[PDB]
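Peer 1: As input, take upload_18.csv (CSV, C-alpha atoms and all ligand atoms):
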```csv
chain,number,residue,atom,x,y,z
A,1,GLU,CA,226.9,113.1,97.4
A,2,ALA,CA,227.7,110.1,99.6
A,3,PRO,CA,231.2,108.7,99.1
A,4,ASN,CA,231.6,105.1,97.9
A,5,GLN,CA,233.7,103.7,100.7
A,6,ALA,CA,233.6,100.1,99.4
A,7,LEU,CA,236.9,98.2,99.6
A,8,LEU,CA,238.0,96.4,96.5
A,9,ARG,CA,240.2,93.4,97.0
A,10,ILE,CA,243.1,92.1,94.8
A,11,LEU,CA,243.8,88.4,94.9
A,12,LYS,CA,246.7,86.3,93.7
A,13,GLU,CA,246.2,83.6,91.2
A,14,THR,CA,247.9,81.2,93.7
A,15,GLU,CA,245.2,81.9,96.3
A,16,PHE,CA,242.6,80.2,94.1
A,17,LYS,CA,242.2,77.0,92.3
A,18,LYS,CA,240.0,76.7,89.3
A,19,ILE,CA,238.2,73.4,89.3
A,20,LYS,CA,235.8,73.1,86.3
A,21,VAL,CA,234.0,75.2,83.6
A,22,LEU,CA,230.6,76.5,84.3
A,23,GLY,CA,230.2,78.8,81.3
A,24,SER,CA,232.3,79.5,78.2
A,25,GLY,CA,232.1,82.4,75.8
A,26,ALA,CA,234.0,84.5,73.3
A,27,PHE,CA,234.1,87.0,76.0
A,28,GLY,CA,235.6,84.6,78.5
A,29,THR,CA,235.1,81.5,80.6
A,30,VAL,CA,233.8,81.0,84.1
A,31,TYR,CA,235.1,78.4,86.5
A,32,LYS,CA,233.7,76.7,89.5
A,33,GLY,CA,236.7,76.8,91.9
A,34,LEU,CA,238.1,77.5,95.3
A,35,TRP,CA,239.9,80.3,96.9
A,36,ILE,CA,242.2,80.0,99.9
A,37,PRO,CA,243.3,83.2,101.7
A,38,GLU,CA,247.0,82.9,102.5
A,39,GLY,CA,246.7,83.5,106.3
A,40,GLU,CA,243.2,82.3,106.6
A,41,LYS,CA,243.2,78.5,106.4
A,42,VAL,CA,239.8,78.5,105.0
A,43,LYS,CA,238.5,77.3,101.6
A,44,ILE,CA,235.8,79.4,99.9
A,45,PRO,CA,233.8,78.1,97.0
A,46,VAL,CA,233.9,80.8,94.2
A,47,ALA,CA,233.0,81.4,90.7
A,48,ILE,CA,236.0,82.7,88.7
A,49,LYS,CA,235.4,84.6,85.5
A,50,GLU,CA,238.4,85.0,83.3
A,51,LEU,CA,238.4,87.1,80.2
A,52,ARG,CA,239.9,85.3,77.2
A,53,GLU,CA,243.6,85.9,77.0
A,54,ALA,CA,243.1,88.1,74.0
A,55,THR,CA,241.8,91.3,75.7
A,56,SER,CA,239.6,93.9,74.2
A,57,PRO,CA,240.8,97.2,75.6
A,58,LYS,CA,237.3,98.5,75.6
A,59,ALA,CA,236.3,95.0,76.7
A,60,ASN,CA,238.4,94.9,79.8
A,61,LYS,CA,237.0,98.1,81.2
A,62,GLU,CA,233.6,96.5,80.7
A,63,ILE,CA,234.2,93.9,83.4
A,64,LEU,CA,236.0,96.2,85.8
A,65,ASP,CA,233.2,98.6,85.8
A,66,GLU,CA,230.9,95.7,86.6
A,67,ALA,CA,233.2,94.7,89.5
A,68,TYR,CA,233.0,98.3,90.6
A,69,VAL,CA,229.3,97.8,91.0
A,70,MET,CA,229.3,94.5,92.7
A,71,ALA,CA,231.9,95.6,95.1
A,72,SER,CA,229.6,98.4,96.3
A,73,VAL,CA,227.0,96.1,97.6
A,74,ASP,CA,226.8,94.0,100.8
A,75,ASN,CA,223.5,92.0,101.2
A,76,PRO,CA,222.2,88.6,101.9
A,77,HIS,CA,220.2,88.6,98.7
A,78,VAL,CA,222.8,90.2,96.4
A,79,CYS,CA,225.6,88.3,94.8
A,80,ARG,CA,228.7,90.0,96.3
A,81,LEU,CA,232.2,90.4,94.7
A,82,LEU,CA,235.0,88.5,96.5
A,83,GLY,CA,237.8,90.2,94.7
A,84,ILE,CA,239.7,90.5,91.5
A,85,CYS,CA,243.0,89.3,90.1
A,86,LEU,CA,245.2,91.3,87.8
A,87,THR,CA,246.6,88.5,85.8
A,88,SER,CA,247.4,89.1,82.1
A,89,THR,CA,243.8,88.4,81.7
A,90,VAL,CA,241.8,90.0,84.5
A,91,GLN,CA,240.0,87.5,86.7
A,92,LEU,CA,236.9,88.3,88.7
A,93,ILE,CA,236.0,86.3,91.7
A,94,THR,CA,232.5,86.0,93.2
A,95,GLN,CA,230.6,83.7,95.5
A,96,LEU,CA,229.6,80.4,94.1
A,97,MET,CA,225.9,79.7,93.7
A,98,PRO,CA,225.8,75.9,93.5
A,99,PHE,CA,222.3,75.3,92.1
A,100,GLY,CA,222.9,78.1,89.6
A,101,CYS,CA,220.0,79.6,87.6
A,102,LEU,CA,216.7,80.0,89.4
A,103,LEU,CA,215.1,79.8,86.0
A,104,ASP,CA,216.7,76.5,85.3
A,105,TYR,CA,216.1,75.3,88.8
A,106,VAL,CA,212.4,75.7,88.6
A,107,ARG,CA,212.4,74.1,85.2
A,108,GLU,CA,214.3,71.1,86.5
A,109,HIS,CA,212.2,70.7,89.6
A,110,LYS,CA,208.9,71.9,88.6
A,111,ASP,CA,207.4,68.7,90.0
A,112,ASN,CA,209.2,69.3,93.3
A,113,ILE,CA,208.8,73.0,94.1
A,114,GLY,CA,206.7,73.6,97.2
A,115,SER,CA,204.3,76.5,97.4
A,116,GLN,CA,206.2,77.7,100.4
A,117,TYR,CA,209.4,77.7,98.5
A,118,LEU,CA,208.0,80.0,95.8
A,119,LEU,CA,206.6,82.4,98.3
A,120,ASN,CA,210.0,82.5,100.0
A,121,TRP,CA,211.8,83.1,96.8
A,122,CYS,CA,209.4,86.0,96.0
A,123,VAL,CA,210.1,87.6,99.2
A,124,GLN,CA,213.8,87.2,99.1
A,125,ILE,CA,214.0,88.8,95.7
A,126,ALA,CA,212.0,91.7,97.0
A,127,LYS,CA,214.3,92.1,99.9
A,128,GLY,CA,217.1,92.1,97.3
A,129,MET,CA,215.5,94.8,95.2
A,130,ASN,CA,214.5,96.9,98.1
A,131,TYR,CA,218.2,96.9,99.0
A,132,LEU,CA,219.3,98.0,95.5
A,133,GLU,CA,216.6,100.6,95.9
A,134,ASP,CA,218.0,101.8,99.3
A,135,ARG,CA,221.5,102.0,97.7
A,136,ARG,CA,220.0,104.3,95.1
A,137,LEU,CA,220.4,101.6,92.5
A,138,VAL,CA,218.3,100.3,89.6
A,139,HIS,CA,218.9,96.8,88.3
A,140,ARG,CA,217.5,97.4,84.8
A,141,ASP,CA,217.5,93.7,84.0
A,142,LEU,CA,215.6,91.7,86.5
A,143,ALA,CA,214.7,88.3,85.4
A,144,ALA,CA,214.3,84.7,86.5
A,145,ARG,CA,217.6,83.9,84.8
A,146,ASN,CA,219.4,86.6,86.8
A,147,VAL,CA,218.6,85.2,90.2
A,148,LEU,CA,221.0,82.6,91.6
A,149,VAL,CA,220.3,79.7,93.9
A,150,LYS,CA,222.9,79.4,96.7
A,151,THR,CA,220.6,76.8,98.2
A,152,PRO,CA,216.9,76.2,97.6
A,153,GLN,CA,216.1,78.2,100.7
A,154,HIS,CA,218.3,81.1,99.7
A,155,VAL,CA,218.5,83.0,96.4
A,156,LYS,CA,220.5,86.1,95.5
A,157,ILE,CA,220.1,88.7,92.8
A,158,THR,CA,222.6,89.1,90.0
A,159,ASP,CA,223.9,90.4,86.7
A,160,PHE,CA,223.8,94.1,87.3
A,161,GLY,CA,225.5,94.7,84.0
A,162,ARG,CA,223.0,97.4,83.3
A,163,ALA,CA,222.8,98.8,86.8
A,164,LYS,CA,222.6,102.6,87.0
A,165,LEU,CA,222.2,105.2,89.7
A,166,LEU,CA,218.7,106.5,89.8
A,167,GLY,CA,218.3,109.4,87.5
A,168,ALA,CA,221.6,108.6,85.9
A,169,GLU,CA,222.0,109.1,82.2
A,170,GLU,CA,223.9,107.1,79.6
A,171,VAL,CA,216.9,94.2,75.3
A,172,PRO,CA,214.7,91.8,77.2
A,173,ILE,CA,211.7,94.0,76.4
A,174,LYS,CA,209.4,91.3,77.7
A,175,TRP,CA,210.5,92.1,81.2
A,176,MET,CA,210.7,95.8,80.6
A,177,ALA,CA,208.1,98.3,81.8
A,178,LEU,CA,206.1,100.2,79.2
A,179,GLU,CA,207.7,103.4,80.3
A,180,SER,CA,211.0,101.8,79.5
A,181,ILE,CA,210.2,100.3,76.1
A,182,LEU,CA,208.9,103.5,74.5
A,183,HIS,CA,211.1,105.9,76.4
A,184,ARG,CA,214.2,104.0,77.5
A,185,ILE,CA,213.1,105.2,81.0
A,186,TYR,CA,214.1,103.3,84.1
A,187,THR,CA,213.1,103.6,87.7
A,188,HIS,CA,212.8,101.3,90.7
A,189,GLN,CA,209.2,101.3,89.7
A,190,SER,CA,210.4,100.1,86.3
A,191,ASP,CA,212.1,97.3,88.1
A,192,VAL,CA,209.0,96.5,90.0
A,193,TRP,CA,207.4,95.7,86.6
A,194,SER,CA,210.2,93.3,85.7
A,195,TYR,CA,209.7,91.9,89.2
A,196,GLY,CA,206.1,91.1,88.4
A,197,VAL,CA,207.2,89.3,85.3
A,198,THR,CA,209.8,87.5,87.3
A,199,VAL,CA,207.2,86.2,89.7
A,200,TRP,CA,205.1,85.1,86.8
A,201,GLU,CA,208.1,83.1,85.6
A,202,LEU,CA,208.3,81.3,88.8
A,203,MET,CA,204.6,80.8,89.3
A,204,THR,CA,204.6,79.2,85.8
A,205,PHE,CA,207.6,77.0,86.6
A,206,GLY,CA,209.8,78.9,84.2
A,207,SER,CA,207.6,79.5,81.3
A,208,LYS,CA,208.2,81.9,78.5
A,209,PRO,CA,206.4,85.3,78.8
A,210,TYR,CA,204.4,86.2,75.8
A,211,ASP,CA,205.5,83.1,74.0
A,212,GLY,CA,205.0,83.5,70.3
A,213,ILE,CA,204.9,87.3,70.0
A,214,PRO,CA,207.8,89.1,68.4
A,215,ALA,CA,209.0,91.7,70.9
A,216,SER,CA,208.0,94.4,68.5
A,217,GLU,CA,204.3,94.2,69.2
A,218,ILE,CA,204.4,94.0,73.0
A,219,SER,CA,204.5,97.8,73.2
A,220,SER,CA,201.1,98.0,71.5
A,221,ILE,CA,199.7,95.1,73.4
A,222,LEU,CA,200.3,96.8,76.7
A,223,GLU,CA,198.7,100.0,75.4
A,224,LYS,CA,195.6,98.0,74.7
A,225,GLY,CA,195.7,97.0,78.3
A,226,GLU,CA,196.6,93.3,78.0
A,227,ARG,CA,199.0,91.6,80.4
A,228,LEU,CA,200.2,88.1,81.0
A,229,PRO,CA,197.7,85.5,82.2
A,230,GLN,CA,197.1,84.3,85.7
A,231,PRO,CA,199.2,81.2,86.3
A,232,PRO,CA,197.3,78.1,87.1
A,233,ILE,CA,198.7,77.7,90.6
A,234,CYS,CA,198.0,81.3,91.4
A,235,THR,CA,195.2,82.4,93.6
A,236,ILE,CA,193.7,85.8,92.6
A,237,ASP,CA,195.5,87.3,95.6
A,238,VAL,CA,198.9,86.4,94.2
A,239,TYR,CA,198.0,87.2,90.6
A,240,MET,CA,196.4,90.3,91.7
A,241,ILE,CA,199.7,91.5,93.1
A,242,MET,CA,201.6,90.7,90.0
A,243,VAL,CA,199.1,92.8,88.0
A,244,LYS,CA,199.5,95.7,90.2
A,245,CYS,CA,203.1,95.8,89.2
A,246,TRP,CA,202.1,96.1,85.6
A,247,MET,CA,200.2,99.3,85.8
A,248,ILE,CA,201.2,102.1,83.4
A,249,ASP,CA,201.2,104.7,86.1
A,250,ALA,CA,204.2,103.7,88.0
A,251,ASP,CA,203.2,105.5,91.1
A,252,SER,CA,200.3,103.0,91.3
A,253,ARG,CA,202.7,100.1,91.2
A,254,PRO,CA,203.7,98.8,94.6
A,255,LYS,CA,206.9,99.4,96.4
A,256,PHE,CA,209.5,96.7,96.9
A,257,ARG,CA,209.0,97.4,100.6
A,258,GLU,CA,205.3,96.6,100.3
A,259,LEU,CA,205.9,93.5,98.1
A,260,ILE,CA,208.3,92.2,100.8
A,261,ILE,CA,205.5,92.7,103.3
A,262,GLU,CA,202.7,91.3,101.2
A,263,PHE,CA,204.5,88.1,100.1
A,264,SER,CA,205.8,87.8,103.6
A,265,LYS,CA,202.2,87.7,104.8
A,266,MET,CA,201.4,85.0,102.3
A,267,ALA,CA,204.6,83.3,103.3
A,268,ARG,CA,202.9,82.1,106.4
A,269,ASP,CA,200.0,80.1,105.0
A,270,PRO,CA,201.6,79.1,101.7
A,271,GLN,CA,198.8,76.8,100.7
A,272,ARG,CA,196.2,79.5,101.1
A,273,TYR,CA,197.7,81.4,98.2
A,274,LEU,CA,199.3,78.7,96.0
A,275,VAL,CA,197.5,75.6,95.0
A,276,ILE,CA,200.0,72.9,94.0
A,277,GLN,CA,199.0,69.2,93.6
A,278,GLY,CA,200.6,67.4,96.5
A,279,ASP,CA,202.0,70.5,98.1
A,280,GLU,CA,203.0,68.9,101.4
A,281,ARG,CA,204.6,65.9,99.8
A,282,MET,CA,207.5,67.8,98.3
A,283,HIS,CA,211.0,68.6,99.5
A,284,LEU,CA,214.2,70.0,98.0
A,285,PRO,CA,217.8,69.3,99.0
A,286,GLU,CA,237.5,66.4,97.0
A,287,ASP,CA,238.3,67.5,100.5
A,288,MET,CA,235.7,70.0,101.6
A,289,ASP,CA,236.9,69.9,105.2
A,290,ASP,CA,237.9,73.4,106.0
A,291,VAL,CA,235.5,75.0,103.6
A,292,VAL,CA,233.5,78.0,104.5
A,293,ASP,CA,230.9,80.2,102.8
A,294,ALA,CA,231.7,83.7,101.7
A,295,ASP,CA,228.7,85.0,103.5
A,296,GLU,CA,230.6,83.8,106.5
A,297,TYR,CA,233.8,85.6,105.5
A,298,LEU,CA,233.7,89.3,106.6
A,299,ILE,CA,237.1,90.7,107.5
A,301,LIG,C1,220.4,80.0,83.7
A,301,LIG,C2,221.3,81.1,83.2
A,301,LIG,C3,222.7,80.9,83.8
A,301,LIG,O1,223.2,79.8,83.9
A,301,LIG,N1,223.3,82.1,84.1
A,301,LIG,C4,224.5,82.0,84.6
A,301,LIG,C5,225.2,80.8,84.5
A,301,LIG,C6,226.5,80.7,85.0
A,301,LIG,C7,227.1,81.8,85.6
A,301,LIG,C8,228.4,81.7,86.1
A,301,LIG,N2,228.4,82.6,87.3
A,301,LIG,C9,228.7,83.9,87.1
A,301,LIG,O2,228.9,84.4,86.0
A,301,LIG,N3,228.7,84.7,88.2
A,301,LIG,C10,229.0,86.0,87.9
A,301,LIG,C11,230.2,86.5,87.7
A,301,LIG,CL1,231.5,85.5,87.6
A,301,LIG,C12,230.4,87.8,87.4
A,301,LIG,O3,231.6,88.2,87.2
A,301,LIG,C13,231.4,89.4,86.4
A,301,LIG,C14,229.4,88.7,87.4
A,301,LIG,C15,228.1,88.2,87.7
A,301,LIG,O4,227.0,89.0,87.7
A,301,LIG,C16,227.2,89.9,86.6
A,301,LIG,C17,227.9,86.9,87.9
A,301,LIG,CL2,226.4,86.3,88.2
A,301,LIG,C18,228.2,82.2,88.5
A,301,LIG,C19,227.5,81.0,88.7
A,301,LIG,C20,227.3,80.5,89.9
A,301,LIG,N4,226.7,79.4,90.2
A,301,LIG,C21,226.4,78.6,89.2
A,301,LIG,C22,226.5,77.2,89.4
A,301,LIG,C23,226.2,76.3,88.4
A,301,LIG,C24,225.7,76.8,87.2
A,301,LIG,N5,225.4,75.9,86.3
A,301,LIG,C25,224.7,76.4,85.0
A,301,LIG,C26,223.7,75.4,84.5
A,301,LIG,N6,224.2,74.1,84.5
A,301,LIG,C27,223.2,73.2,84.1
A,301,LIG,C28,224.6,73.7,85.9
A,301,LIG,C29,225.7,74.5,86.4
A,301,LIG,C30,225.5,78.2,87.0
A,301,LIG,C31,225.8,79.1,88.0
A,301,LIG,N7,227.8,81.2,91.0
A,301,LIG,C32,228.5,82.4,90.8
A,301,LIG,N8,228.7,82.9,89.5
A,301,LIG,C33,226.4,83.0,85.6
A,301,LIG,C34,225.1,83.1,85.1
```
Take the structure in the file and give it back as structure tokens.

Peer 2:
Amino acid sequence: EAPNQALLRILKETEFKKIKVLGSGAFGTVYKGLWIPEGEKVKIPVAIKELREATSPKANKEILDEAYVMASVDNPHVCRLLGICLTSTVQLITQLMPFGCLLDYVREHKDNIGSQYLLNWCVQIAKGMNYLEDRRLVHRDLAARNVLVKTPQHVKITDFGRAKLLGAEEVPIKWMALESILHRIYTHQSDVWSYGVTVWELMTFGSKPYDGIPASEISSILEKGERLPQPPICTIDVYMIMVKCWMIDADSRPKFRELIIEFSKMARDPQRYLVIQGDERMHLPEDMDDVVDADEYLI
């Protein structure tokens, strides 16, 4: 019933300079790059995604209707759209997240990740999801891979390719609630499950969930009542929370609002809840003169 008032911005190819490739695909390629508004006299670090010059007519809509979604969100913990460019290929411009994949990050720095950092991440992702909740929105594919590191302190949620309005009608599996796997049913509560799994990924420094098992069986497994194991670093209090997420009755599952709160609690005495060897001996980090961050651009 509410009207989507989101502004969608068109940019000119001359306002942005592609610098280097971050990802490549049959679908297209994504560039680390910069964008300079014509008036603005500010440089903004962007990720530019450009569909391959050959364009699939079905394919093109595919990305627009993603940009439609991104455009509709404004949040600290949600990767916002900067704009799009109607070049012969259509180019999509979002905010650059320099450290990239959270999944990768924790794999690359498993030795260096503070207990506090993880708890911080957990919250932040909960703040993210509780926002998508508020905006009546269901991510439908939450995973460690789909969270992006702007800076170690800050992460933002991403890849709402599958996002749908709650109750709307129209496969990781491992991250997907049981309700979903049998019934293709999705809810915020369904997302809470995939949140649980996400936390597990982090608390195991980026380990594969259910490693070994073909995704086929999982459905049965969960009926039996089995879930993932408690990670080594995890106190029962943290694990206990993850488990709550994995209940079959989704009304028993916690609310992203609650999770924010509970991890926020634990955020304050990190070492009370995560045991990491040498916790307090760990720390994580051409002409960038006029450069500014997107989060700092709000016309
Ligand atoms: C670990 C899995 C992974 O790398 N996922 C992943 C990698 C790279 C990108 C590129 N980015 C991106 O696609 N953003 C983006 C865009 Cl452009 C659109 O347009 C539709 C939509 C959505 O959401 C659907 C998203 Cl997320 C991207 C990346 C970054 N930062 C970034 C920096 C570096 C790296 N990187 C990869 C790993 N090597 C080792 C180091 C460099 C990755 C990402 N910021 C903004 N967009 C997307 C997803």

Peer 1: Just want the residues within 8 Å of ligand LIG 301 (chain A), written as a ChimeraX atom specification, counting only C-alpha atoms and all ligand atoms.

Peer 2: /A:22-23,30-32,46-49,63,66-67,70,79,81,92-104,145-146,148-150,158-161

Peer 1: May I ask which of the residues A:90, A:267, A:40, A:222 is the closest one to residue 55 of chain A, counting all atoms listed in the file?

Peer 2: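 Under the stated criterion, the closest residue is A:90.
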
Peer 1: In Å, with one decimal, what is the gap from atom CA of residue 18 of chain A to atom CA of residue 75 of chain A?

Peer 2: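 Atom-to-atom, atom CA of residue 18 of chain A to atom CA of residue 75 of chain A, that is 25.5 Å.
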
Peer 1: Go ahead and compute the interatomic distance for atom CA of residue 170 of chain A and atom CA of residue 219 of chain A, in Å to one decimal.

Peer 2: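 Pair atom CA of residue 170 of chain A / atom CA of residue 219 of chain A returns 22.4 Å.
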
Peer 1: Do you have the atom CA of residue 243 of chain A-atom CA of residue 227 of chain A distance handy?

Peer 2: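 Rounded to one decimal, the two atoms are 7.7 Å apart.
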
Peer 1: Which residues, written as a PyMOL selection string, have at least one atom at most 8 Å from residue 13 of chain A, with only C-alpha atoms counted and residues fewer than 2 positions away on the same chain left out?

Peer 2: chain A and resi 11+15-17+85+87

Peer 1: With only C-alpha atoms as the atoms that count, which of A:274, A:8, A:259, A:171 lies nearest to residue 202 of chain A?

Peer 2: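 Looking only at the distances to residue 202 of chain A, the closest residue turns out to be A:274.
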
Peer 1: For residue 264 of chain A, which of A:216, A:116, A:60, A:190 is the closest residue, counting all atoms listed in the file?

Peer 2: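 Selected residue with least distance to residue 264 of chain A: A:116.
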
Peer 1: Here's a test: counting all atoms listed in the file, identify every protein, DNA and RNA residue with an atom at most 10 Å from (240.7, 86.6, 75.0) in the file's coordinate frame, and state them as JSON, numbers by chain.

Peer 2: {"A": [25, 26, 27, 28, 29, 50, 51, 52, 53, 54, 55, 56, 59, 60, 89]}

Peer 1: Would you list the residues near (215.2, 89.3, 85.8) (no more than 9 Å away, in the coordinates of the file, using all atoms listed in the file) as a compact mmCIF listing (two decimals) with C-alpha atoms, in the frame of the given file?

Peer 2:
```txt
# COMPACT_ATOMS: atom_id res chain seq x y z
CA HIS A 139 218.90 96.80 88.30
CA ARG A 140 217.50 97.40 84.80
CA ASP A 141 217.50 93.70 84.00
CA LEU A 142 215.60 91.70 86.50
CA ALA A 143 214.70 88.30 85.40
CA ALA A 144 214.30 84.70 86.50
CA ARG A 145 217.60 83.90 84.80
CA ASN A 146 219.40 86.60 86.80
CA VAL A 147 218.60 85.20 90.20
CA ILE A 157 220.10 88.70 92.80
CA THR A 158 222.60 89.10 90.00
CA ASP A 159 223.90 90.40 86.70
CA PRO A 172 214.70 91.80 77.20
CA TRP A 175 210.50 92.10 81.20
CA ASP A 191 212.10 97.30 88.10
CA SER A 194 210.20 93.30 85.70
CA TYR A 195 209.70 91.90 89.20
CA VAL A 197 207.20 89.30 85.30
CA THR A 198 209.80 87.50 87.30
```

Peer 1: So which residues touch segment 281-283 of chain A within 6 Å, counting all atoms listed in the file, skipping near sequence neighbours fewer than 2 positions away, as a count of residues only?

Peer 2: 4

Peer 1: Go through A:84, A:234, A:10, A:166 one by one, measure the shortest atom-to-atom distance of each to residue 132 of chain A using only C-alpha atoms, and give the residue with the smallest value.

Peer 2: A:166

Peer 1: Between A:189, A:265, A:210, A:221, single out the one closest to residue 253 of chain A, counting all atoms listed in the file.

Peer 2: A:189

Peer 1: Pick from A:298, A:78, A:245, A:36: nearest to residue 178 of chain A, with only C-alpha atoms counted?

Peer 2: A:245
